[PDB]
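Shown here is one chain on its own, the form solved without the ligand, set out as structure tokens.
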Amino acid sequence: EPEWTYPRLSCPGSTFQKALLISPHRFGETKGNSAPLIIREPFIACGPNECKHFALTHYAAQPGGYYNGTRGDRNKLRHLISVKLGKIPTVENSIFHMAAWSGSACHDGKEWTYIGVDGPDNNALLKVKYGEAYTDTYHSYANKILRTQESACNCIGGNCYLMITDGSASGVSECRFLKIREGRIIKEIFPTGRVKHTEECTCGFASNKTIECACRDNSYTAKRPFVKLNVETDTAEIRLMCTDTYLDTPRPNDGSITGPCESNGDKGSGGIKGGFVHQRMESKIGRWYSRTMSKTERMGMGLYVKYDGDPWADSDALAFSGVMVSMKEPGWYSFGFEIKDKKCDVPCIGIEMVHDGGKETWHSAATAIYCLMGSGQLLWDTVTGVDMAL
């Protein structure tokens, strides 16, 4: 019988490398015979036996006749879908889990938990599914687009932890954490500290005691809010990342935000979901992050790392590790996840590479994956290979 899973030590390694590209629109030509789904906000979550590649589809394929509206975020057609990682998400390969315009998912060792938010902007609804069964919901508390992570939730000993938020995209958005067990919400956690705006948290285990998240402040700062959640006391605290290497887009020059660690600085309005994943060693913790190559545009994606220290207090620049996507290619959302090897966990970062041709045509994304493997330096970047005119 399957047991609850826990975070384990990470597999040996000191550099990330290019692992896999999932580029469904390489097969979406009018000259072709395929039906890749139109998606955005992909993420990956893994259990003991398989990884699933999730996304939010507009319920439309390329080529097709429903391109109009695919540049939008929320409508009554959007669904959370998945395929086994490594499969191309087409109309036929994919499975439709639930209606959702914001999502998350995770495996607790026994079963998959799926999370989807839908409903009207002023009264949206988070829905929880455990395996095939719809099991619970959570209601909007600020009546301003309740929404969730767009990346994997995190389970330990059967308790799955999930960030949600609600509030104006250009004002206050005070997040909360839900503790969910076998598909049912058993506790709400209200974070303390710097809470004025936190959304799209990318979260993972720093240890058996602590979940950490690197999130997006869409109104006030280009520093990322950083959550430390103690899963033993079920309490969370949030402070801005102090590093000079500001991880949001847009952002000012590195190090140019004057004042104490808590200072907001300029170019704070706007944002992007960012990649973040832990490398747990015997007596060290590696924190790996990604940010766009452009300071203002969703172009390129670079990988950064820092071992140990307090991210709330260290102003040190992160160490640049490598270009995962060049400045000539799209770099949109990024997320962390861990693959389960036989005895250890493999930290990875995925990158959403959006095909953006404006509102007059289809709008979708490829997914690039980089994982910790071996030593040395990160060697190759990723391109989608897609010509949007075909």
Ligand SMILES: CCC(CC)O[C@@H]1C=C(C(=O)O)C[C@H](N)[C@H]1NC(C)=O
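We number the residues from 1 along the sequence you see.
Not on display, but discussed next: the form deposited with the ligand bound.
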item: Residue among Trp288, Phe226, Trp101, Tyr114 with a heavy atom within 4.5 Å of the ligand in the bound PDB entry; value: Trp101
item: Contact residue in the bound PDB entry, chosen from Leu125, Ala142, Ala319, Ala169 - any heavy atom within 4.5 Å of the ligand; value: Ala169
item: Partner proximity in the bound PDB entry: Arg40 to the ligand, non-hydrogen atom cutoff 4.5 Å; value: yes
item: Interface membership of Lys306, the ligand in the bound PDB entry, 4.5 Å heavy atom rule; value: no
item: 4.5 Å heavy atom contact, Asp73 and the ligand in the bound PDB entry; value: yes
item: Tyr333, heavy atom within 4.5 angstroms of the ligand in the bound PDB entry; value: yes
item: Which of 256-264, 177-185, 81-89, 197-205 sits within 4.5 Å of the ligand in the bound PDB entry, heavy atom basis; value: 197-205
item: Within 4.5 Å of the ligand in the bound PDB entry: residues from 211-234 (heavy atom criterion); value: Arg216, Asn218
